[PDB]
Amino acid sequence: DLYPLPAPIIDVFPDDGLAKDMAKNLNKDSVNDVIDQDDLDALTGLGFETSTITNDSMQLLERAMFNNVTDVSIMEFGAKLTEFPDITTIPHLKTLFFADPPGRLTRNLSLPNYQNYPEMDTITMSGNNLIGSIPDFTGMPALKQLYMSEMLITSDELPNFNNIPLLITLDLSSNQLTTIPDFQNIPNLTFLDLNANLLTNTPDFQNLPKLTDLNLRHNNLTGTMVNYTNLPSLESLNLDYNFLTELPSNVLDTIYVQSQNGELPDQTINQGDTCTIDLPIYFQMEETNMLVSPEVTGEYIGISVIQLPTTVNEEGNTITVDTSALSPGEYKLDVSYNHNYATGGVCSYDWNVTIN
């Protein structure tokens, strides 16, 4: 497929948009300018920005040998470019980058099981809707970083990667994952970003001995979660904006939580009774100095919100809301703590009470 050189750029790359971008990469003023192999050899990166390039025209890159190119960056692209091709003329490619275009999920991209880029180190496709699944890569043994945030990835599209043993960073934030694999073969993984997914738990990871940062902010973790037994390198576990009533005790010293919500059990009491709750997370946060303010408040929510006297029982680790003056009926109660009026943060727990 290699076009004979020397030749005009437009003859080597017979597509208006591709030729324009190649002239810019080659620092030639015109697509009519004649290039030779030395001009190609001077390139160490290729940038693309003309949105008329399509899958078919990008394939024309196989007509030229790029002996020294290690980076491909696609900064702007149209709807007819949905894949960077697996061509044989960029043998030393190390980084592949697609920009996150303006707007939300406006472009679609597929991720081939690339075979001709054995030196690939980093792939970034964040912000683009993934077409199909992420392949269980077989041709990129040196892959170290994978940025795949905001791509509408579901758990059926994410394999338990078998052949990328050097992976260090995996960013899957802002997707629709309901489960995450108990990753078997990425033991060098140090950073796992899962914020803004739909997770309800994770496995008690069996082989992540080097993981230092695990971000689970804004998921659906509810009540209790797995109490990790084998994350010896863990430094930060972000559980902010979940629905836990208790934090995992084995890793409590790594946790970031300032806001949290939750539901406590229904109770039935008699008119004149107070109402006492368990709230393990409050006591954990209090005792490990995670609170920014000390007050614990209670209220009931009807036509208006009415505050109730609320006391913390530190010996028995319970909280009592004084419901003794309420008449019989059905009530929605709330206990809140860690109020941060400056930031909008709060930890707030709701439950229903029947008073007979």
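The first residue of the sequence shown is number 1, and the count goes up from there.
Is the mean CA B factor in the deposited entry higher across 235-243 or across 272-280? Comparing 235-243 with 272-280, the higher mean C-alpha B-factor belongs to 272-280.
Could you check which stretch, 95-103 or 262-270, carries the larger mean CA temperature factor in the entry? Here the higher of the two C-alpha B-factor means belongs to 262-270.
Looking at the temperature factor on the CA atom of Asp39, which third of the chain's modelled residues does it land in? Its C-alpha B-factor, which the entry lists for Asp39, ranks in the lowest third among residues of this chain.
For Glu83, return the chain-relative third of its C-alpha B-factor as stated in the PDB record: lowest, middle or highest. Highest third, going by the recorded CA B-factors of the chain.
Lowest, middle or highest third: where is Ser249 by C-alpha B factor in its chain? CA B-factor rank for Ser249: highest third.
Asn25, C-alpha B-factor rank within chain (lowest, middle or highest third): CA B-factor rank for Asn25: lowest third.
Could you say whether, by C-alpha temperature factor, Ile10 belongs to the lowest, middle or highest third of its chain? It belongs to the middle third of the chain when residues are ordered by C-alpha B-factor.
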